[PDB]
Amino acid sequence: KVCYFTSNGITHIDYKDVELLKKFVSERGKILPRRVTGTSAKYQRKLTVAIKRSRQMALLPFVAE
Amino acid sequence: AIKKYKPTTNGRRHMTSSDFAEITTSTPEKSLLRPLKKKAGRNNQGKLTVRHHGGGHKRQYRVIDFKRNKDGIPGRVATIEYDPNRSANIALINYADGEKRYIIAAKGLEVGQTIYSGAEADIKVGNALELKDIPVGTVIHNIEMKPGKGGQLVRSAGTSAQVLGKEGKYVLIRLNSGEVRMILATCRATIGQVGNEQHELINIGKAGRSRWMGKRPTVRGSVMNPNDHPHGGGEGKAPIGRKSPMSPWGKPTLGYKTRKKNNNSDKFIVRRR
RNA sequence: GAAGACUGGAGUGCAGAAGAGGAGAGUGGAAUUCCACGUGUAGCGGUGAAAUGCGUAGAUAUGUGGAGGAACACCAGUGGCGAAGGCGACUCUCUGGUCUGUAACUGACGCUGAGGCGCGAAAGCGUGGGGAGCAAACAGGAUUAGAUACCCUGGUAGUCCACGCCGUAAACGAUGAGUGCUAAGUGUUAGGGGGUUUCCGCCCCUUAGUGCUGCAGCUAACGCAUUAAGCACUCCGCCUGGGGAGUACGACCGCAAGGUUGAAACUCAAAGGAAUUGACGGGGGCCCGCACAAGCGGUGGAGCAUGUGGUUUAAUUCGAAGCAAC
Ligand SMILES: [Mg+2]
Ligand SMILES: [Mg+2]
Ligand SMILES: [Mg+2]
Ligand SMILES: [Mg+2]
Ligand SMILES: [Mg+2]
Ligand SMILES: [Mg+2]
Ligand SMILES: [Mg+2]
Ligand SMILES: [Mg+2]
Ligand SMILES: [Mg+2]
Ligand SMILES: [Mg+2]
Ligand SMILES: [Mg+2]
Ligand SMILES: [Mg+2]
Ligand SMILES: [Mg+2]
Ligand SMILES: [Mg+2]
Ligand SMILES: [Mg+2]
Ligand SMILES: [Mg+2]
Ligand SMILES: [Mg+2]
Ligand SMILES: [Mg+2]
Ligand SMILES: [Mg+2]
Ligand SMILES: [Mg+2]
Ligand SMILES: [Mg+2]
Ligand SMILES: [Mg+2]
Ligand SMILES: [Mg+2]
Ligand SMILES: [Mg+2]
Ligand SMILES: [Mg+2]
Ligand SMILES: [Mg+2]
Ligand SMILES: [Mg+2]
Ligand SMILES: [Mg+2]
Ligand SMILES: [Mg+2]
Ligand SMILES: [Mg+2]
Ligand SMILES: [Mg+2]
Ligand SMILES: [Mg+2]
Ligand SMILES: [Mg+2]
Ligand SMILES: [Mg+2]
Ligand SMILES: [Mg+2]
Ligand SMILES: [Mg+2]
Ligand SMILES: [Mg+2]
Ligand SMILES: [Mg+2]
Ligand SMILES: [Mg+2]
Ligand SMILES: [Mg+2]
Ligand SMILES: [Mg+2]
Ligand SMILES: [Mg+2]
Ligand SMILES: [Mg+2]
Ligand SMILES: [Mg+2]
Ligand SMILES: [Mg+2]
């Protein structure tokens with residue numbers, strides 16, 4: 001459970017923070033559902049856009065392995 | 001675009017034409033005009049060898065640059081004009097030297113651009129490059145067959161060819177007719193499709209308008225006499241009472257392949273149309 | 001009706017929030033297809049079975065590179081936005097609406113709305129680009145008594161884009177718009193206030209959406225029930241037994257297919273909604289029986305007795321017809 005972002009108070013999810021985003025993707029680069037990481041709805045949407053942006057600039061793998 | 005006419009008369013009922021929207025000027029470069037004279041299909045001996053020709057509006061040849069052998073000199077596009085001697089339009093180009101030449105106006109060419117020829121030129125519309133410098137997959141036109149001769153292959157309005165692959169001294173190219181052809185890598189070509197793409201939609205609408213371009217009426221062989229055509233003769237309307245439709249000189253005309261059966265360039269053609 | 005006054009309805013200002021709302025211009029990665037070149041050999045594909053089909057001019061498989069079109073895996077959720085149709089890759093530009101708080105401002109400026117004007121899935125039409133997959137018509141191979149179908153192999157218009165038409169749908173919540181009043185319980189989306197608390201977190205109050213369960217009340221019943229099908233007020237659209245029939249005639253619109261408006265003669269004594277009790281299903285669960293399994297031994301094979309059919313005869317007397325006649 002517990003929203004990771006709300007618990008730590010971070011209110012801006014950025015696509016450059018490639019080390020943070022890798023927590024919420026699978027080992028293959030797929031985004032994980034909010035019913036597994038437990039993050040709240042308002043922040044899952046922000047997370048999805050940031051991952052899609054940084055996927056484009058080779059910071060994250062589209063399909064990995 | 002294409003301009004339609006209201007049916008004010010029966011001869012203008014279905015006639016269409018071009019609006020000439022892309023043509024900039026109307027006065028040719030007087031230093032690049034040469035005279036022509038109609039031949040009407042007449043021969044060296046004065047005989048008629050090719051029929052249905054002769055008797056149109058008089059024209060004047062203007063020399064086109066197919067070789068494109070001025071290398072390293074930037075050239076600015078000045079005007080886009082009308083050439084009666086060919087289907088595509090032409091563009092007047094004055095290089096930085098002060099030398100003026102005509103080329104075939106490609107699609108997307110407009111006044112004010114700059115073009116180059118050589119080995120340092122970019123892959124841009126209007127540039128001329130040797131085929132060994134053109135990457136595979138690009139669309140080219142004005143292909144030439146022998147080095148240093150001048151473009152011959154793809155020149156008509158709205159036509160294009162594509163580079164398929166390189167295999168050494170030669171290059172595979174898919175011509176506009178749809179055959180993969182193999183030509184030398186030292187020949188030149190121009191990037192881009194040819195300009196006047198809408199030329200094939202024009203409806204003549206009149207017999208006189210067809211006569212303006214220098215065409216004479218075509219008589220079907222079925223209405224001739226037995227000594228005039230293999231189809232001639234017969235009481236009433238008659239069918240083709242033969243094994244095959246025939247040309248005026250014999251030699252069946254429907255399906256019969258006429259390419260020479262022992263041609264030298266057969267090895268340089270991969271697949272036919 | 002006329003002249004004044006007010007702020008709660010309505011709107012503006014100020015401060016915040018969320019969103020696949022729209023149009024244009026670019027860009028990205030998986031995958032099917034095609035092309036060029038490495039390696040390799042006789043198969044590949046398909047079905048309930050097979051054939052058509054592709055393959056020794058060397059495929060299917062595999063590695064590298066290129067071309068082009070279309071749709072956007074996970075996120076994804078009785079989640080969100082829009083008046084309805086509808087809108088899911090990313091970035092930028094131009095844009096419409098909505099919700100919460102404040103009480104700064106105007107001071108009834110409001111609701112509904114026949115004729116009118118716009119938007120309106122998919123198919124379809126006109127001019128022109130584009131065409132990778134899929135696929136009406138169609139061709140071939142199957143199936144069957146026949147198969148103008150379902151199945152297999154291909155395949156054109158079409159599906160895509162620009163502009164102009166069309167004006168329809170189970171266009172559905174089968175439920176017109178506005179406003180007020182009438183028990184509760186519990187999820188979720190976007191906000192606001194307060195208690196506890198170093199934050200974190202838990203609880204209570206509240207506004208606008210989106211679901212489930214339920215009292216009064218309503219309903220023929222099913223069921224609806226603060227997102228009413230309850231109790232009331234204002235304006236609009238529509239109905240008056242079934243067929244003929246959304247037909248004919250007239251009119252308006254359309255390039256065309258057609259669309260909107262729209263009867264009568266004649267004929268029937270019914271058409272219809274919901275729920276009940278059976279019966280049935282090439283619907284689903286559970287139990288039983290020499291019903292299958294585990295056995296032992298027969299029949300169908302050969303020779304005869306014997307009953308039936310068939311057939312032959314003047315007669316071959318009549319009745320029995322899967323199980324349940326022989
Ligand atoms: Mg001729
Ligand atoms: Mg011309
Ligand atoms: Mg005659
Ligand atoms: Mg003869
Ligand atoms: Mg004859
Ligand atoms: Mg006759
Ligand atoms: Mg107000
Ligand atoms: Mg949007
Ligand atoms: Mg292969
Ligand atoms: Mg709405
Ligand atoms: Mg006042
Ligand atoms: Mg209204
Ligand atoms: Mg109206
Ligand atoms: Mg459509
Ligand atoms: Mg197919
Ligand atoms: Mg309707
Ligand atoms: Mg619908
Ligand atoms: Mg609703
Ligand atoms: Mg209706
Ligand atoms: Mg109702
Ligand atoms: Mg009502
Ligand atoms: Mg109401
Ligand atoms: Mg209300
Ligand atoms: Mg109400
Ligand atoms: Mg709620
Ligand atoms: Mg509450
Ligand atoms: Mg809302
Ligand atoms: Mg509610
Ligand atoms: Mg009532
Ligand atoms: Mg209920
Ligand atoms: Mg109330
Ligand atoms: Mg509802
Ligand atoms: Mg009712
Ligand atoms: Mg009525
Ligand atoms: Mg009636
Ligand atoms: Mg009647
Ligand atoms: Mg019933
Ligand atoms: Mg047994
Ligand atoms: Mg045994
Ligand atoms: Mg046994
Ligand atoms: Mg046994
Ligand atoms: Mg025995
Ligand atoms: Mg008997
Ligand atoms: Mg009997
Ligand atoms: Mg029976």
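Residues numbered from 1 in each chain as written, not as in the entry; some residues may be left out. Chains lettered and ligands numbered in written order. Part of a larger assembly, values for the part shown. Heavy atoms only, no water.

**Thoughts on helix α4 (residues 41–56) of chain A**
Residues and elements named next belong to chain A. Its 16 residues give α4 an end-to-end C-alpha distance of 24 Å, which sits within 8% of 22 Å, the value for a rise of 1.5 Å per residue. Along α4, the residues classified as buried are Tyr-43, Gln-44, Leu-47, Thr-48, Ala-50, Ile-51, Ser-54 and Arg-55. Looking at the buried side of α4, the elements it contacts are α1 (4–8), α2 (18–21) and α3 (34–37). Once α4 finishes, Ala-58 follows within two positions and takes phi at roughly 65 degrees, a positive value. (Helix = DSSP H or I, 4+ residues; strand = E, 2+ residues; numbered from the N terminus. Expected span 1.5 Å × (residues − 1). Buried < 20%, exposed > 50% of the residue type's maximum accessible area, 1.4 Å probe, protein only. Contact = heavy atoms within 4.5 Å.)

**Brief notes about the protein's contact with RNA strand C**
If you check the shell around RNA strand C, you find 21 residues, and the closest are A:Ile31, A:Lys42, A:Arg45, A:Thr48 and B:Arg271. Taken together, the sugar and phosphate atoms account for 80% of what RNA strand C places within 4 Å of the protein. In this structure, a sugar or linking oxygen belonging to RNA strand C sits 2.6 Å away from a main-chain N or O atom of A:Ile31. Secondary-structure elements contributing two or more residues to the surface near RNA strand C are α1 and α4 of chain A. Ranked by the residues each element gives to the surface near RNA strand C, the list is headed by α4(A), at eleven residues. When its residues are assigned to classes, the surface near RNA strand C shows six nonpolar, five polar and ten charged. (Near = heavy atom within 4 Å. Polar contact = N/O pair within 3.5 Å; in protein donor to acceptor, adjacent residues only side chain to side chain. Nonpolar A, V, L, I, M, F, W, Y, C, P; charged D, E, K, R; others polar.)

**A few points about the pairing of strand β12 (residues 161–166) of chain B**
Residues in a regular strand point their side chains to alternate faces of the sheet. Residues and elements named next belong to chain B. For strand β11 (residues 139–141) and β12, the ladder comprises two bridges, and the chain directions are antiparallel. Opposite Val-139, over in β12, you have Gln-162 as the bridge partner. Sheet analysis places β12 next to strand β13 (residues 170–174), joined by four bridges and oriented antiparallel. Across the sheet, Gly-165 pairs through a bridge with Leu-172, a residue of β13. Counting the residues in the hairpin turn of β12 and β13 gives three residues, including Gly-168, whose phi is positive at 135 degrees. (Pairing = 2+ DSSP bridges.)

**Comments concerning the sheet that holds strand β10 (residues 128–130) of chain B**
Strands sit in the order β9-β10-β15-β11-β12-β13-β14-β16 (chain B) across an open sheet of eight strands; the sheet is mixed. Sheet topology places β9 (117–118) and β16 (269–271) of chain B at the edges, where each strand pairs with a single neighbour.

**Thoughts on the UniProt feature "binding site: Mg(2+) 4" (unreviewed entry) in chain B**
Residues and elements named next belong to chain B. Under the local residue numbering, the UniProt record ascribes the feature "binding site: Mg(2+) 4" (unreviewed entry) to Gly-236. Note that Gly-236 resides in the loop between α1 (207–212) and β16. For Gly-236, a relative accessible area of 60% translates into the label exposed. (UniProt positions renumbered as here; feature names shortened; annotations may be inferred.)

**What about the environment of B:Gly241?**
All names here are of chain B. Secondary-structure assignment places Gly-241 in the loop between α1 and β16. Since its relative accessible area comes to 72%, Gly-241 is described here as exposed. With ten residues separating them in the primary sequence, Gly-241 and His-231 have C-alpha atoms 7.6 Å apart.

**Considering the sheet that holds strand β7 (residues 100–104) of chain B**
Residue and element names in this part refer to chain B. Across the sheet, which stays open at both edges, the four strands sit in the order β7-β6-β5-β8 with antiparallel pairing between neighbours. Two strands close off the open sheet at either side, each with one partner strand: β7 and β8 (114–115). Pairing geometry for strand β5 (residues 75–81) and β8, over two bridges, is antiparallel. Residue pairing in the sheet places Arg-76 in a bridge with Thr-114 of β8.

**Some details on the nonpolar core**
All names here are of chain B. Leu-131, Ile-134, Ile-140, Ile-143 and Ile-173 are the most contacted members of the largest nonpolar core, which has 17 residues in total. For this core, the secondary structure elements donating two or more residues are β12, β13 and β15 (188–191). Beyond its immediate chain neighbours, meaning those up to four positions away, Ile-134 contacts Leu-129, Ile-140, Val-163, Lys-166 and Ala-189. (Core = buried A, V, L, I, M, F, W, Y, C linked by side-chain atoms within 4.5 Å.)

**Re the pairing of β7(B)**
Residue and element names in this part refer to chain B. Counting buried residues in β7 gives four out of five residues, a clear majority hidden from the surface. Sheet topology places strand β6 (residues 90–95) next to β7; five bridges connect them, and they run antiparallel. In the strand pairing of β7, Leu-92 is matched with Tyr-102. The hairpin formed by β6 and β7 contains four residues between the paired strands, and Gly-98 there has a positive phi angle of roughly 125 degrees.

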